[PDB]
Number of protein chains: 2
Amino acid sequence: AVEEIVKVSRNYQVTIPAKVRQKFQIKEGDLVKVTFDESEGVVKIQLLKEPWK
Amino acid sequence: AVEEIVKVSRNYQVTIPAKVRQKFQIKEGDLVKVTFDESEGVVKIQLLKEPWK
């Protein structure tokens, strides 16, 4: 797998460098989903099609 | 677990609403780690102590 390091110091947010964006998809104007798990203690995000109605 | 919906349409980034921040820790000035998996196809992020040297 791949791993990167980042630090929060602006407004509680993240922009994801270019390396991660290179592996994952992340498309401008797409529906991204985020879920919190009660076991690993990490946030998982993914992508899917796009509804328009 | 918990789930939320978001859309990319600013500059390929995310700020995470308040609900997710309520469950996860996310501290201003902390070391957050992000890794890409080659099986689930999702990004996992967590938190850890802070080195100062």
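Residues numbered from 1 in each chain as written, not as in the entry; some residues may be left out. Chains lettered and ligands numbered in written order. Heavy atoms only, no water.

Structure determination for this entry is recorded as solution NMR.

Student: Would you mind showing me how to read the overall build of chain A here?
Tutor: Along the backbone of chain A there are 1 helix and 3 strands. For chain A, the N- to C-terminal ordering of α and β elements is β-α-β-β. Here chain A has a C-alpha radius of gyration of 13 Å; the compact-globule value for 53 residues is 10 Å, and the former is much larger. Viewed in the frame of its principal axes, chain A has a C-alpha envelope of about 35 × 30 × 30 Å. (Helix = DSSP H or I, 4+ residues; strand = E, 2+ residues; numbered from the N terminus. Rg over C-alpha atoms; globule rule 2.2 N^0.38 Å.)

Student: So what exactly am I meant to see when it comes to the relation of the copies chain B and chain A here?
Tutor: For the pair of chain copies, the relating operation is a rotation around an axis with a shift along it. Once turned by 180° and shifted 0.0 Å along the axis, chain B lies on chain A with an RMSD of 0.0 Å. One copy is carried onto the other by what is essentially a two-fold rotation axis. Nearest to the rotation axis, the C-alpha of B:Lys44 is located 2.4 Å from it, this being the minimum over chain B. The share of interface residues of chain B whose copies in chain A are also at the interface is 100%, consistent with both copies meeting through the same surface. (Least-squares fit on C-alpha atoms. Contact = heavy atoms within 4.5 Å.)

Student: Sorry, what's going on with the environment of A:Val2 here?
Tutor: Structurally, A:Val2 is set in strand β1 (residues 2-7). The residues contacting A:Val2, other than those within four sequence positions of it, are B:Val34, B:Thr35 and B:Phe36.

Student: Explain the pattern of salt bridges here, please?
Tutor: Note on pairing: side chains with opposite charge can pair once their charged atoms come close. Here the structure, examined in full by the defined rule, presents 8 salt bridges over all chains. For B:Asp30, the salt bridge goes to B:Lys27, with nearest N and O atoms at 3.1 Å. According to the relative accessible area criterion, B:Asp30 is buried, its value standing at 12%. A salt bridge links B:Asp37 to B:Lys44; the nearest nitrogen and oxygen atoms lie 3.9 Å apart. We classify B:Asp37 as partly exposed; its relative accessible area is 21%. The buried category is assigned to B:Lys44, whose relative accessible area is 18%. Within the structure, one salt-bridge network assembled from shared partners comprises A:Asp37, A:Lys44 and B:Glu40. (Salt bridge = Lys/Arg side-chain N within 4 Å of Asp/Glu carboxyl O. Buried < 20%, exposed > 50% of the residue type's maximum accessible area, 1.4 Å probe, protein only.)

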